[PDB]
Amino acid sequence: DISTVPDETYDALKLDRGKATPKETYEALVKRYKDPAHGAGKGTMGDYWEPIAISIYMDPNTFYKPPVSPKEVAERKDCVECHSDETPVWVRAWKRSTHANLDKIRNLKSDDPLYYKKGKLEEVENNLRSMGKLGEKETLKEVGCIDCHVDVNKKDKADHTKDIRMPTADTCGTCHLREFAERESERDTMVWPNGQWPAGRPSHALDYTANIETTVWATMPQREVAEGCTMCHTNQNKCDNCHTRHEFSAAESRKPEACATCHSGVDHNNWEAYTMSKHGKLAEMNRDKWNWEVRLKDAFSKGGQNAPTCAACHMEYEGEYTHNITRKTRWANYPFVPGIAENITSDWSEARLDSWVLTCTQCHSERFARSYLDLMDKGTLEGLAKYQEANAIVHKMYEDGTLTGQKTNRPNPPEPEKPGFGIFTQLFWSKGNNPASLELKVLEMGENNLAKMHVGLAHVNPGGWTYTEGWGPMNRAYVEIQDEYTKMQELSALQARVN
């Protein structure tokens, strides 16, 4: 029983909540976690792609092998000493961290805000005892290099060339069970009522599985280009994304900047929308009066925070804060996806809308919160409708074989991808007249502009769904698509006249 983890997760793992020991609970999670039938490995399109050099870091459990360069057999203290010279900043950053400073956590004053960590330390120690990693009357001396890079509570020497590993999600989970299980519970909680999306997605628990299952990613020859997508989809394999390497600060992952590198760009510009909104701007202007060290639960009180942030909003469900960020997903970013809009009035959605009001009501009035969320929905449907109008046109042009080069110069897409109209692959692969200008236009209208229109609406950024983003760009796309349709229509007329 790890209170914050959903029953559903316990059930799926076949575990009895009030009976499962930490060892058992952990064993189950890792079972499913390292199982290829659940998303582990190279995927279904494995025969089409090969890993590049940096891939041993993006997916360790599949590609990482120890660096045979230095033939060294070292101990706990050797790792630090040698690396003081070899990787200077890596040793310093670690030493200045809680992993290297466990004593502080123990001698914490009860009236200190960061006191909750002392409890978290006890918990960890009990997880390790249950797993036989720690003796019953033994404390965790520290969390050093040898612990994460070879074995937890490793005493004896480690062979550098045959023992070094890269810490994956489950490695942290040996101690951070509560966090690991909460994230893994996403596979169980994000399940759509009509299969609009794959069970347990979109999420952080299956983001790498989602990346390797993207046909284009597996078929395109430009592995270096394609790899830039892998970097935004590593959360599943390693836990150093929000709270970065060696320092692993929780205060850092609470700041909006932590999500920014991944949650930005054309098909979703969460970072840009948020930073431009009042919430976001106030977060910039008041970041200095806020105590980011205080956990999310006490942020709006002891933390002094008076403006929402990415984590505050997305990691909160019904007053509880967890590592599972799926529980409130209604639009899953892309409004054009089948059965999404259609599902927006389901009791399923209604119940999640209620959860979102519960989040806005910590500050605003419910009447106010409901007034805006309603606009968010109807506004997304207005941008959606515009896309469908333009799409209706270009789609028939396809049905009629009238797209430029459709009959002549439209080379087939790379295997295992099959030909079609308006496919994602067209956003990353082009050859001759595949895709055709008008096709790419109607495509980017939905995948980029319509997507950004929603993001702007969801993140209270006026110009983000009006002039600057969304409507403005979409208005242009529709106009140009129209303007092209008519030109082609007049060209064909003259064509027939001649023949």
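Sequential numbering from 1, following the sequence displayed.
Regarding 378-386 and 348-356, which shows the higher C-alpha temperature factor on average in the entry?
Between 378-386 and 348-356, it is 348-356.
Higher mean Cα B-factor in the deposited model: 35-43 or 433-441?
The deposited B-factors put 35-43 ahead on the C-alpha mean.
Largest Cα B-factor, entry values, listed residues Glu257, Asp170, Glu138, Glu184
If I rank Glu257, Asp170, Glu138, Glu184 by C-alpha B-factor, first place goes to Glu138.
Candidate set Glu366, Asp288, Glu252, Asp298 [ranked by C-alpha B-factor, highest]
That would be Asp288.
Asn391: which third of its chain by C-alpha temperature factor?
For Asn391, the deposited C-alpha B-factor lands in the highest third.
C-alpha B factor of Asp78, ranked within the chain: lowest, middle or highest third?
For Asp78, whose C-alpha B-factor we compare with every modelled residue in the chain, the answer is the highest third.
Within this chain, which third does the Cα B-factor at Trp331 fall in: lowest, middle or highest?
Ranked within chain, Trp331 CA B lands in the lowest tercile.
For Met58, the third of its chain into which the C-alpha B factor falls:
For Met58, whose C-alpha B-factor we compare with every modelled residue in the chain, the answer is the lowest third.
For the chain shown, is the CA B-factor of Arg223 in the lowest, middle or highest third of its modelled residues?
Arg223: CA B-factor falls in the lowest third of its chain.
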